[PDB]
Every structure is written in C-alpha cells, then in structure tokens.
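Participant: Just passing along the structure, written as structure tokens.
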Amino acid sequence: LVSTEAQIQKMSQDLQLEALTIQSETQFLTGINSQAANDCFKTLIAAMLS
Amino acid sequence: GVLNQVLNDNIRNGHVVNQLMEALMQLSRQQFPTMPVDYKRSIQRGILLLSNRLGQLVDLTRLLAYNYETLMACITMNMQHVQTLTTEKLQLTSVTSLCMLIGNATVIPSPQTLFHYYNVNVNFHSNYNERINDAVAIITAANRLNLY
Amino acid sequence: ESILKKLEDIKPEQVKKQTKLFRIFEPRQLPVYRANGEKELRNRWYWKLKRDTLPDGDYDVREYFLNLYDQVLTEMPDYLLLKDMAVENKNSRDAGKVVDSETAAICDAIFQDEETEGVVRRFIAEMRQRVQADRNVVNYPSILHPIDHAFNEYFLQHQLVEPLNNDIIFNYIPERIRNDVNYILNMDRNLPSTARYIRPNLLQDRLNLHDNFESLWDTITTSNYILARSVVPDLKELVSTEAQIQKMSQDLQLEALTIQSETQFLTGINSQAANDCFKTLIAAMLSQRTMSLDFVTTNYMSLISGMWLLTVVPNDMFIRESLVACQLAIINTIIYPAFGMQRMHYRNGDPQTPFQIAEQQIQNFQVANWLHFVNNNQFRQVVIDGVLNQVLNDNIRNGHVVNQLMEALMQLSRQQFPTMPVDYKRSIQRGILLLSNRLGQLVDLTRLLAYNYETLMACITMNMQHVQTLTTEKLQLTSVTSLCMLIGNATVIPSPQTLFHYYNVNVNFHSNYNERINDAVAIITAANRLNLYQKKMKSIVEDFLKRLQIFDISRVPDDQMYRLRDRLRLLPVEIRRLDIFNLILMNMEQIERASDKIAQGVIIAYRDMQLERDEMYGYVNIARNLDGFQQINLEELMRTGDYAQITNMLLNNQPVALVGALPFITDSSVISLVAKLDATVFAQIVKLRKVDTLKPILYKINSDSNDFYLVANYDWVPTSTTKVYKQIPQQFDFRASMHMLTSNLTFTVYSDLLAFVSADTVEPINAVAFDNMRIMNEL
Amino acid sequence: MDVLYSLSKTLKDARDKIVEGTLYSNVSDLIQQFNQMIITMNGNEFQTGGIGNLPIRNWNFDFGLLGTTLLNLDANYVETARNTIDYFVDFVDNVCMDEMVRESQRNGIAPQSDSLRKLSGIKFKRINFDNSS
C-alpha cells in the first residue's frame with residue numbers, strides 16, 4: 001500500500017484544513033491508514049459475498 | 001444451479017471509474033457560486049485528490065471485482081438478497097483509506113484459500129440439508145406414529 | 001536557507017569525456033577443425049563478447065539489454081578528441097598511432113602470431129594516422145566489430161560541442177539586459193577559432209507541472225521565490241526611521257490623554273520591514289507565487305498602503321480571501337464612510353469583489369475610476385525572447401497609476417463624511433495626508449519596483465505560469481507602509497553580477513530539468529519497447545524527482561509519480577538517445593546470439609539428424625533456424641504456468657522447438673552422443689512442471705574428444721535427435737574490421753561563458769527606465 | 001458562414017457600442033468578445049482571391065487586445081478601437097465579396113472562397129457568437 005505518511009502529508013497540503021474554520025480540524029484525516037484500508041476491502045467483499 | 005449476485009461488466013473491468021473521474025473532474029472546474037473561496041478550494045482539491053488516482057482506482061475496482069467473482073465461485077447456497085435486521089457498519093474513512101492507499105500490487109485468493117472456502121461452504125450446506133432431512137424424518141415419524 | 005543551498009548547488013551539466021572506444025566484442029583465438037572433425041594446426045580468430053554475462057530467459061535478456069542501453073547512454077560522450085585515445089602502433093612502418101589501446105593490443109597479438117598471413121602483417125604495417133591541420137581533423141585506424149564501429153561512429157559524429165566565439169558569448173546574455181542602457185558590458189579576450197561550448201537544453205516545460213501537479217508546482221514556485229528574494233537588491237539610503245516617525249507624529253498631532261486611531265499608524269515602521277516588503281513583492285511576482293495580505297483593520301494606514309499596493313500589484317497575485325478582506329476594509333473604512341454611503345454588507349463567496357460592487361455603487365468619478373483600474377489591473381502574458389513572461393501595465397511601469405490613486409485619495413479627503421464624527425474624518429484625512437506627502441516618492445517607488453521586476457524577469461528562462469499556488473507568502477501591510485514611508489530617492493537596480501548569477505542559476509535548473517526529463521523518457525520508452533511487462537516504473541520517476549534536487553520524494557505518493565510517468569510517456573525521445581536505442585534494438589539479436597552462455601532454444605525432433613560441420617566445433621548439433629518445427633515459447637509457458645501442451649507433446653513424442661534463452665551443457669563425449677543423453681533432459685519438465693531447470697546438451701564432437709576414434713575409424717557422421725538452436729561465431733577479418741575514425745585534431749571546451757564578460761552599471765542617479773526617464777526623479 | 005457572420009456582428013457591435021464617454025459596463029461583454037476575436041484571428045494569414053477584377057489581397061492579424069482600464073471610454077480608446085475595427089471590417093468585406101462572386105454546381109452551399117473555407121476550421125469556432133439575423 002502507498003506510504004501512509006506520504007499520502008497523509010499530500011492530503012493535508014492539498015486540503016489546507018488548518019487554514020479553514022472547520023470546528024473539527026484534527027478529525028478530518030483520522031482513520032486514514034493501512035489497517036482501515038484492509039478493513040474496508042474485507043468488509044466490502046465479505047458483505048457482497050454474504 | 002446456484003443463484004449468484006453479479007456485478008455490471010463495467011464494474012468488473014473498472015471502466016466506469018473513468019466516468020466517475022470525468023464527473024468529479026467537472027466538479028473540480030465548477031464555480032460553486034455562493035461558496036466561500038477557501039472552502040471551495042478545499043473541496044475542489046479533495047475532489048482532485050480522488051480524481052488524480054484514476055489509475056489506482058481502476059486497478060482497485062478491477063481487483064475488488066475479481067476477488068468477489070473468485071470467492072463467489074466457491075459459494076454453494078443461493079445468494080439471496082434480503083435487507084437484514086442488523087447491518088455491517090462501514091466507516092467512510094476506511095473507504096478513503098482504501099481509495100488513497102491502494103497501490104498496484106495484485107492480491108488474489110490463494111488456491112488453498114479458495115479450496116478451504118469452498119469446503120467450508122459445502123460442509124455447511126451439506127449439514128444444513130442433512131439436518132433438514134433428520135428433522136423432517138423425525139417429525140413425519142412422530143406424526144405417523146400418532147405421538148400427539 | 002536550505003532551499004537556496006539546494007537550488008544554487010546545482011551544477012550546469014557534467015561533461016562526459018570518452019577515454020576508450022566502446023566495445024562489446026573482441027577477437028579471440030579458437031582451435032578449428034576439419035570437415036571430418038580433425039584439429040587443424042592453424043587457429044582462427046573469432047568475434048566473442050568481451051563481457052559474456054547474458055542471463056537465462058527471454059525476459060531476463062530484454063532486461064539485460066535495457067541495462068546495456070543505460071550503460072551506453074552513460075558512456076556516450078559530449079565530445080571526443082581521438083588523439084587522447086591514440087597509442088603507438090609498434091608494428092607500423094611509419095611509427096604511426098592507432099585508437100584505442102585495445103586496438104593496439106589486437107594489432108600486436110595478430111602481428112606476433114606465427115599463424116597470421118603476411119598480407120595481414122602488411123596491412124598492420126600500413127596502419128597510421130592522418131592529420132589535416134588545415135581542417136583541424138585527424139583520422140586514426142581502429143579495429144572494431146561492426147556493432148562497436150556503429151556505436152563509436154555515432155558517438156564521433158553526434159557530439160554536443162559547437163564553436164565558441166566572442167559574439168556567441170555576448171549573445172548568451174539575455175537580449176533585454178544587452179538592450180538595457182543602464183548596463184555596460186565588456187570583454188578582455190578574443191576566443192580562438194578552436195574554442196567550443198555546450199548549449200544548455202532550455203526547452204520549455206514539457207510536463208506542464210503548472211497544470212494539475214499542485215504540490216510539485218508549490219515546491220518549484222517556493223524555490224523560485226527563495227532565489228528571487230536572494231537576488232532582489234537591498235534598498236539603500238532609506239529615510240531615517242526615527243526622523244520619519246517624528247515627522248509622522250507631528251503630522252498626526254498625537255495626543256497623550258486621548259485614545260486615537262492615528263497612533264496605530266506608527267505601528268511596524270522600520271527599514272527591515274521596508275526591505276522585506278520590497279523583496280517579497282518582487283520575488284512573488286518573479287516566481288509567480290501567490291501572496292497573502294496580513295493586516296489589522298484598526299490600522300487605517302495599513303488600509304491606505306493597501307490601496308497603493310492594490311493599485312500597483314495585479315490582484316491575481318493575492319489569495320482571494322485576503323484580497324477580499326483588504327478591499328472590504330478599505331471600502332467600509334475609507335470609501336463608503338467618506339461619501340455617506342451605508343456600510344457594505346458583503347457576502348463571503350460573492351462572485352464580485354468589494355471593489356467591483358463599490359465601483360458600481362460610487363458616483364465620484366476619480367474614486368470610481370481608480371476602483372475600475374484596480375478591478376481590471378491584470379498581468380499581460382507575453383512571450384519575450386522565447387520565454388513566457390507576466391508584464392505589468394505600462395501605467396504601472398511609468399508610475400502614472402500613482403497619480404490616479406492620488407487623485408482618488410484627494411477626492412476622498414474633500415468629502416464631508418456626513419454620518420461619522422468629525423474625528424473619524426480627521427483620522428482618515430491624516431492617513432491620506434501621510435500617504436500624499438510622499439507622492440513623488442511613491443511614483444519613484446512604483447517605477448523602481450517595475451524596473452527591478454522587469455530587469456530580473458529578463459533573467460528567467462522558464463515560462464512564468466500565472467496559477468494560484470497551494471501555499472502563499474505572507475505580506476504584512478505594515479511592511480507596505482514602511483516601504484511607502486521610508487523609501488528615499490536612491491535608485492537601486494540589480495547588479496550585473498547579480499543578474500548573471502540569477503540567470504545562471506535559472507539556466508542550470510532548466511537544463512537539469514530538461515536533461516532529467518530526457519533520461520526518464522528514454523528509459524520509459526526503452527522499457528516499453530523491450531516489453532518489460534513485469535517492470536514497475538515508480539523507480540524511474542523516483543530517480544527523476546531525486547535528481548531534480550528540489551523535491552522531497554518521501555512526500556510524493558506513488559500515484560503522483562505514476563501520473564508523472566504517464567506524462568513522460570507521451571513525450572518524444574531525445575534524438576541522440578533515440579538513435580542509440582535504435583542501434584541497440586537493431587543489434588540486440590546479434591549481440592545475444594554471440595553469447596556462449598545461453599542458447600536460443602532446443603529442437604526436440606525424434607528422428608536422427610546428422611550433426612552439423614562447423615570449423616570451430618567439429619561436429620555440433622546446432623540448429624541455425626527453427627524451420628519445420630512447432631514452437632513453444634518458454635517465456636509464455638513460465639508466465640502462464642500451464643504445462644498441458646508441453647506435457648502432451650513430450651509424452652507423445654511430437655517434434656517441437658522450445659524457444660527461449662536457455663543455458664546448455666557442452667559435451668564432447670562421443671559415447672554420450674551414442675547413448676542419446678541429449679534426449680533424456682526433458683522428462684523433468686513433465687515431472688516437475690518447471691522449465692527454468694531445463695538445460696539441453698550441445699555436442700562438440702572432434703579430435704579433442706577421447707572417443708573420436710569411433711568417428712575416424714567408421715566413416716561415421718554423428719547423428720542426434722535433439723538440436724540446440726544456436727548460432728556460430730563470426731570470423732574475425734582483420735582487414736574488414738579496420739575503420740578510420742575521424743575527429744577534430746584539438747579544441748578547448750569552455751563552461752561559463754559569462755565568466756568572459758565583465759559588466760558594470762551606470763551611476764544609479766542616472767539610471768533610466770523603459771520610457772527613457774530616470775527611474776527615481778525626486779530631489 | 002456562422003464564423004464570418006460572427007466577425008461581422010462583432011465589428012458592427014464594436015462600431016455601435018464603442019463610443020466616446022460610454023460606460024465600460026456597456027461594453028464589457030462586447031470587449032471580451034472582440035478580444036476573443038483578436039486572439040483567434042491573430043497569427044493567421046488569409047488571402048482573398050483574384051477572380052474577375054477583384055484584387056488579390058493578403059491579410060495578416062497581429063493586433064493587441066482592447067483595453068479594460070477606463071471606467072468610461074475616451075477618445076484615445078475609441079481611436080485605437082477604430083483602427084483595429086477598420087482593418088477587420090476591410091478584411092470581412094473583402095472576404096464577403098470574394099465569396100459572393102463564386103459558385104459551384106456540386107456543393108453550392110459549402111464555402112467557395114479559400115478564406116471562408118479556412119474560417120470553417122475548428123480553431124475559429126471560438127469567434128462564433130449571437131446569430132440573431
């Protein structure tokens with residue numbers, strides 16, 4: 001999988017969340033990790049199969 | 001002889017993701033008439049974050065569809081589609097993780113994994129049918145033996 | 001700063017010099033055998049790979065040839081002087097010279113060998129160099145294989161050096177610097193007719209990184225901004241901060257016991273801020289980096305300085321939110337209260353800026369005209385001297401916009417402010433008075449800014465693409481006030497040495513960018529044409545970005561690198577690299593077939609076939625071609641892994657030809673051939689379903705075989721059922737391999753042309769602008 | 001035909017609307033259309049042919065854009081626009097004449113002059129605007 005650090009930095013730079021007035025600045029990029037990606041893959045395929 | 005829930009051929013080859021990209025590329029060019037420009041820029045740059053992974057998302061769609069088909073080949077009972085009482089909760093942050101972190105390493109079910117899945121499905125189906133037979137036999141025997 | 005160190009540490013281009021002729025083949029002595037397999041007393045010279053290391057498998061062979069392409073690109077020189085390679089030919093009649101030392105070694109070996117024909121010795125004696133000093137040319141004899149000759153001839157005839165003279169060096173300077181009357185250029189050397197130089201590859205951006213690559217473009221623009229800051233001149237003889245603060249205090253009539261807005265007018269007025277503002281503005285415009293406006297709405301002097309800033313700098317140079325905030329503050333603090341208009345209720349996200357609404361809503365001609373100019377003040381995209389540039393409006397360049405702004409301000413001061421307390425009008429009037437007491441200095445400052453901008457823009461080699469950047473550069477409006485209040489009458493213009501250094505850094509970066517693009521494109525195209533379907537190209541783009549030296553590849557995801565790969569894949573290959581790859585593609589089959597480590601296949605026929613007669617093997621079961629046989633591609637078999645067809649053919653004894661780079665066992669035993677061992681090396685394919693272990697038998701039956709008496713005593717022509725699809729080496733013909741390599745007798749290559757130009761500036765008081773008037777005219 | 005009509009309509013609108021003293025808001029869209037026409041036509045070489053006594057004429061377009069800085073148009077702006085409009089009107093009139101004097105039996109509805117045939121290329125579609133006649 002793509003490096004989580006590099007993708008996180010890329011997304012943070014592109015989104016510019018800190019510059020906005022969003023009440024949830026930290027929560028935006030939470031949950032972005034390899035474990036979450038694997039969980040999504042498994043959940044989608046397993047739900048479709050079952 | 002097994003009912004199967006199959007995907008659109010555009011999902012299987014991942015071509016439809018192009019359309020998705022097309023659509024959201026248009027969303028990156030839109031004006032957002034009355035939106036604050038900073039928030040508008042953030043939305044458009046996120047839209048482009050997803051857009052610029054067109055190749056990765058096509059690969060991901062093809063991989064997911066292929067894995068689904070391969071593991072569905074190992075299903076022996078009809079894939080009946082019903083709306084269940086309780087659901088499986090899918091965090092959209094996990095969807096974002098999958099979309100933004102998938103690379104280009106193909107992973108497919110191992111032949112032994114497919115055989116194990118098929119064996120488990122066959123064992124469960126056979127046990128289901130055998131227990132139905134046992135229950136039916138005992139009920140019919142009790143009724144014909146007049147065990148009121 | 002580390003960024004400036006990275007950007008200024010780029011060297012122009014590493015010049016490659018060829019020290020020896022490129023070679024893939026060499027002569028080698030081999031024993032030869034008669035038609036009956038008996039060894040001849042004479043040996044024979046054959047062409048053999050110098051580095052025979054070709055791998056097993058067709059895919060591995062294509063990878064080997066991609067690596068060979070990289071090696072040849074590394075070894076291809078920018079220029080070449082054959083006299084450096086020249087060495088004495090001891091057997092030359094005239095004591096001449098040959099290139100390279102390897103040629104001399106071959107000549108010595110051939111001449112000293114007792115088996116060499118006297119005609120070849122005569123030919124070696126005639127081998128000498130011819131010098132044409134009039135034409136500055138020299139021809140040297142060389143012994144080369146035809147492929148080696150092709151490569152070396154391409155290197156010789158496609159060198160990158162061009163003649164250098166004083167006119168070329170002078171024209172290297174940007175045309176706008178030469179056409180500028182404020183700079184006097186000089187030279188103290190006459191470059192000789194034998195001087196050479198290498199042009200930088202200043203092709204414009206073929207990757208269009210300004211479009212859809214926002215992080216990479218942010219990095220590029222940040223580097224450009226840092227460099228531009230480094231080269232922007234410092235302001236000299238600024239008005240003393242203490243004296244200016246005293247004068248401002250006297251004008252504002254500050255009161256001790258009263259709270260006043262005018263007090264804040266003195267906030268952050270110092271020479272450091274003035275220089276910071278000058279550098280920030282010019283560097284942001286040069287690097288086309290978006291700026292952010294930092295100001296406090298309670299400081300009205302910041303708002304008036306912002307009026308000047310918006311008058312001079314096109315509004316596309318500022319992030320929209322900051323520009324809108326500044327304009328709204330100006331409208332609601334100065335303009336509307338002056339004219340008794342109700343405070344504007346501006347909506348965030350409005351399609352129109354506050355100044356556009358005000359322009360529609362203001363009935364005063366001067367203020368409305370200034371507002372309209374500010375609204376429509378844009379850059380002009382102009383291709384000057386082949387480079388895209390962002391040109392300021394001529395009224396900005398000459399400073400007339402300052403007069404228009406001053407007319408607007410004077411109209412504002414005359415207004416009554418009907419709905420405000422008299423002290424509010426007094427404060428606005430005092431701020432306008434502060435700005436207007438320096439009208440001439442503001443005209444001078446605008447002209448100085450424009451002149452410095454265009455002079456430093458003359459030294460930019462890459463297109464100035466006007467696109468909003470991801471991140472901005474913060475500009476404090478107090479710094480603008482400092483620049484407006486402290487600017488003196490001293491004219492500062494970029495030094496000629498500073499201009500040359502800026503231009504050289506830009507040229508180095510542009511050339512490196514283009515050369516790395518060429519390398520990446522060549523590698524990607526070669527991999528595609530070599531059908532390297534298992535090759536992940538992320539590494540190529542990663543190396544490209546690493547060699548650009550301004551990006552941190554750890555921050556670049558894989559998707560971005562693959563988008564870069566897709567963009568690079570659409571570009572044509574550089575002419576020299578493309579031709580080298582064409583040579584390699586043409587000659588790779590022959591290079592591969594010359595290897596003694598692998599065979600091109602194995603024919604499994606189930607009929608006896610007489611072993612071929614070759615002089616350098618004796619009797620050998622070699623197939624020159626796969627004619628009359630069904631072919632199984634071993635690469636496809638290994639890729640798919642389905643052995644049904646091959647198993648069916650092997651079990652049924654169906655004649656076939658397994659095609660693919662294979663290692664083979666050379667066997668010289670006649671008894672082994674009689675035993676039919678070559679036919680027993682294929683059952684393992686059926687047993688294990690693997691062909692990587694396949695290793696056919698190549699029989700080499702001749703008098704060096706221990707049991708050759710069987711061949712000699714029975715008039716028996718050996719036969720085998722299996723053949724090895726393989727080629728025989730090409731004989732080394734000494735006369736046919738001699739080529740006269742031609743090059744220039746001698747020249748000198750120079751690196752930094754601007755090192756030969758000494759430039760100075762006219763007196764700054766007398767420096768003129770584009771309109772022939774002095775840049776700064778205040779007393 | 002649509003591109004030629006669009007050129008003529010743009011020039012007529014420029015003549016009618018670019019007048020001394022007029023608000024720029026009265027010509028903003030017209031100025032944008034005129035500048036688009038300038039950009040599209042710039043760098044293109046045209047020839048109106050010599051059928052009959054019509055002189056052979058060569059047309060080059062290297063015109064700068066119209067300004068956008070004046071709140072109200074003045075005499076200098078009008079004079080510059082007049083020069084550009086006069087050249088463009090001459091070009092359009094000559095193209096129209098060259099087309100009117102030509103006819104074909106096979107495809108009479110298609111353009112017959114090389115100028116109008118060149119204007120039928122895709123790159124000139126940008127010039128196209130309101131077709132109200």
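Every chain in the structure tokens takes a letter, A first, then B, and so on in the order presented; its residues are numbered from 1, and the ligands are numbered from 1 following the presented order.
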Distance cut-off 12 Å, counting only C-alpha atoms - which residues of chain D neighbour chain C? Return them as a short mmCIF file (atom, residue, chain, number, x, y, z; two decimals) with C-alpha atoms, in the first residue's frame.
Facilitator:
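Generated output (result26.cif):
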```cif
data_model
loop_
_atom_site.label_atom_id
_atom_site.label_comp_id
_atom_site.auth_asym_id
_atom_site.auth_seq_id
_atom_site.Cartn_x
_atom_site.Cartn_y
_atom_site.Cartn_z
CA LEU D 23 -19.54 53.21 -19.53
CA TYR D 24 -17.31 50.16 -19.69
CA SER D 25 -20.21 48.16 -18.22
CA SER D 28 -17.60 44.68 -21.06
CA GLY D 64 -3.17 43.73 -29.48
CA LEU D 65 -6.19 43.34 -27.25
CA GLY D 67 -8.07 47.83 -23.10
CA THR D 68 -10.12 47.21 -19.98
CA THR D 69 -8.89 50.03 -17.71
CA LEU D 70 -11.16 53.01 -18.43
CA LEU D 71 -14.34 53.42 -16.40
CA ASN D 72 -15.73 55.46 -19.32
CA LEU D 73 -14.38 55.12 -22.84
#
```
Participant: Report the closest atom pair, with its distance in Å rounded to one decimal, for each residue of chain B that has an atom no farther than 8 Å from chain C; count only C-alpha atoms, sort by chain and then rising residue number, and write it as CSV.
Facilitator:
```
residue,atom,partner,partner_atom,distance
B:33,CA,C:351,CA,6.6
B:34,CA,C:349,CA,4.9
B:35,CA,C:349,CA,4.8
B:36,CA,C:349,CA,3.9
B:37,CA,C:349,CA,5.8
B:38,CA,C:321,CA,6.9
B:52,CA,C:559,CA,7.4
B:53,CA,C:559,CA,6.0
B:56,CA,C:559,CA,7.1
B:103,CA,C:558,CA,7.4
```
Participant: Write a file of the selected residues as a compact mmCIF listing (two decimals), in the first residue's frame, keeping C-alpha atoms.
Facilitator:
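And here is the file that came out, result_9.txt:
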```txt
# COMPACT_ATOMS: atom_id res chain seq x y z
CA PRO B 33 -21.37 30.31 -6.97
CA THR B 34 -22.05 31.32 -3.36
CA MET B 35 -19.44 29.22 -1.54
CA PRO B 36 -16.53 30.84 0.34
CA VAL B 37 -13.48 30.57 -1.87
CA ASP B 38 -11.24 28.90 0.72
CA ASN B 52 -5.81 12.04 -9.79
CA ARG B 53 -5.89 8.43 -8.53
CA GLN B 56 -5.18 3.31 -8.89
CA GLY B 103 -1.09 0.65 -4.77
```
Participant: Write down as an NGL selection string the residues belonging to range 6-142 of chain B that are assigned alpha helix (DSSP H) by DSSP computed on the backbone.
Facilitator: :B and (9-12 or 16-29 or 37-51 or 54-72 or 92-101 or 111-142)
Participant: Contacts of range 27-29 of chain A at 9 Å or less, counting only C-alpha atoms, minus same-chain residues fewer than 2 places along, as a list in words?
Facilitator: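 Returned residues: residues 8, 11, 12, 17, 24, 25, 31 and 32 of chain A; 93 of chain B.
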Participant: Go ahead and write the residues just picked, N, CA, C and O atoms, as a PDB file, in the first residue's frame.
Facilitator:
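As written to disk, part_39.pdb reads:
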```
ATOM      1  N   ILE A   8      -0.697  11.034   3.726  1.00  0.00           N
ATOM      2  CA  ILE A   8      -1.266  11.946   4.712  1.00  0.00           C
ATOM      3  C   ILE A   8      -0.743  13.356   4.490  1.00  0.00           C
ATOM      4  O   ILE A   8      -1.505  14.327   4.538  1.00  0.00           O
ATOM      5  N   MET A  11      -2.381  14.803   1.323  1.00  0.00           N
ATOM      6  CA  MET A  11      -3.769  15.180   1.555  1.00  0.00           C
ATOM      7  C   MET A  11      -3.866  16.427   2.423  1.00  0.00           C
ATOM      8  O   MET A  11      -4.691  17.305   2.160  1.00  0.00           O
ATOM      9  N   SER A  12      -3.038  16.521   3.465  1.00  0.00           N
ATOM     10  CA  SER A  12      -3.057  17.706   4.314  1.00  0.00           C
ATOM     11  C   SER A  12      -2.693  18.951   3.521  1.00  0.00           C
ATOM     12  O   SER A  12      -3.339  19.995   3.656  1.00  0.00           O
ATOM     13  N   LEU A  17      -6.606  22.214   5.563  1.00  0.00           N
ATOM     14  CA  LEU A  17      -7.655  22.221   6.577  1.00  0.00           C
ATOM     15  C   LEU A  17      -7.368  23.233   7.677  1.00  0.00           C
ATOM     16  O   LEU A  17      -8.289  23.893   8.173  1.00  0.00           O
ATOM     17  N   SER A  24     -13.875  20.860  13.379  1.00  0.00           N
ATOM     18  CA  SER A  24     -13.162  19.595  13.550  1.00  0.00           C
ATOM     19  C   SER A  24     -11.960  19.601  12.610  1.00  0.00           C
ATOM     20  O   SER A  24     -12.038  19.111  11.481  1.00  0.00           O
ATOM     21  N   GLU A  25     -10.842  20.154  13.085  1.00  0.00           N
ATOM     22  CA  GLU A  25      -9.637  20.224  12.265  1.00  0.00           C
ATOM     23  C   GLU A  25      -8.848  18.921  12.320  1.00  0.00           C
ATOM     24  O   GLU A  25      -8.309  18.476  11.301  1.00  0.00           O
ATOM     25  N   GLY A  31      -8.482   8.075  10.782  1.00  0.00           N
ATOM     26  CA  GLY A  31      -8.975   6.868  10.160  1.00  0.00           C
ATOM     27  C   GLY A  31      -8.337   6.521   8.835  1.00  0.00           C
ATOM     28  O   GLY A  31      -8.744   5.530   8.217  1.00  0.00           O
ATOM     29  N   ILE A  32      -7.356   7.292   8.378  1.00  0.00           N
ATOM     30  CA  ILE A  32      -6.669   7.035   7.118  1.00  0.00           C
ATOM     31  C   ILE A  32      -5.400   6.263   7.458  1.00  0.00           C
ATOM     32  O   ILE A  32      -4.424   6.833   7.950  1.00  0.00           O
TER      33      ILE A  32
ATOM     34  N   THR B  93     -14.298   6.738   6.334  1.00  0.00           N
ATOM     35  CA  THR B  93     -12.864   6.957   6.467  1.00  0.00           C
ATOM     36  C   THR B  93     -12.079   5.736   6.013  1.00  0.00           C
ATOM     37  O   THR B  93     -10.994   5.876   5.445  1.00  0.00           O
TER      38      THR B  93
END
```
Participant: So how far away is CA of residue 612 in chain C from CA of residue 670 in chain C, in Å?
Facilitator: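 Atom-to-atom, CA of residue 670 in chain C to CA of residue 612 in chain C, that is 14.6 Å.
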Participant: Could you list, as a list in words, every residue within 9 Å of residue 15 in chain A, counting only C-alpha atoms and ignoring same-chain residues fewer than 2 positions away?
Facilitator: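 My list of contacting residues is residues 10, 11, 12, 13, 17 and 18 of chain A; 41, 42, 43, 44, 45, 46 and 49 of chain B.
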Participant: Atoms to include: N, CA, C and O atoms. Write the selected residues as a CSV table (one decimal), in the first residue's frame.
Facilitator:
```
chain,number,residue,atom,x,y,z
A,10,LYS,N,0.4,14.6,1.7
A,10,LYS,CA,-0.1,15.1,0.4
A,10,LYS,C,-1.6,15.6,0.6
A,10,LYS,O,-1.9,16.7,0.2
A,11,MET,N,-2.4,14.8,1.3
A,11,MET,CA,-3.8,15.2,1.6
A,11,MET,C,-3.9,16.4,2.4
A,11,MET,O,-4.7,17.3,2.2
A,12,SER,N,-3.0,16.5,3.5
A,12,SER,CA,-3.1,17.7,4.3
A,12,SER,C,-2.7,19.0,3.5
A,12,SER,O,-3.3,20.0,3.7
A,13,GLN,N,-1.7,18.9,2.7
A,13,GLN,CA,-1.2,20.0,1.9
A,13,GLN,C,-2.3,20.4,0.9
A,13,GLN,O,-2.6,21.6,0.7
A,17,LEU,N,-6.6,22.2,5.6
A,17,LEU,CA,-7.7,22.2,6.6
A,17,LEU,C,-7.4,23.2,7.7
A,17,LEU,O,-8.3,23.9,8.2
A,18,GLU,N,-6.1,23.4,8.1
A,18,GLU,CA,-5.8,24.3,9.2
A,18,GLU,C,-6.2,25.7,8.8
A,18,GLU,O,-6.5,26.5,9.7
B,41,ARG,N,-12.1,26.0,-2.5
B,41,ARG,CA,-10.8,25.4,-3.0
B,41,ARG,C,-10.5,24.1,-2.3
B,41,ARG,O,-9.9,23.2,-2.9
B,42,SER,N,-10.8,24.0,-1.0
B,42,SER,CA,-10.5,22.8,-0.3
B,42,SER,C,-11.3,21.6,-0.9
B,42,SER,O,-10.8,20.5,-1.1
B,43,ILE,N,-12.6,21.9,-1.1
B,43,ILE,CA,-13.5,20.8,-1.7
B,43,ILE,C,-12.9,20.4,-3.1
B,43,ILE,O,-12.8,19.2,-3.4
B,44,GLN,N,-12.5,21.4,-3.9
B,44,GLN,CA,-12.1,21.1,-5.3
B,44,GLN,C,-10.8,20.3,-5.2
B,44,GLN,O,-10.5,19.4,-6.0
B,45,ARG,N,-9.9,20.7,-4.2
B,45,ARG,CA,-8.6,20.0,-4.1
B,45,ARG,C,-8.8,18.5,-3.6
B,45,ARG,O,-8.1,17.7,-4.0
B,46,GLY,N,-9.8,18.3,-2.7
B,46,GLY,CA,-10.1,16.9,-2.4
B,46,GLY,C,-10.7,16.2,-3.5
B,46,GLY,O,-10.4,15.0,-3.7
B,49,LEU,N,-7.9,15.2,-5.4
B,49,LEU,CA,-7.2,14.1,-4.8
B,49,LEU,C,-7.7,12.8,-5.2
B,49,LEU,O,-7.0,11.9,-5.5
```
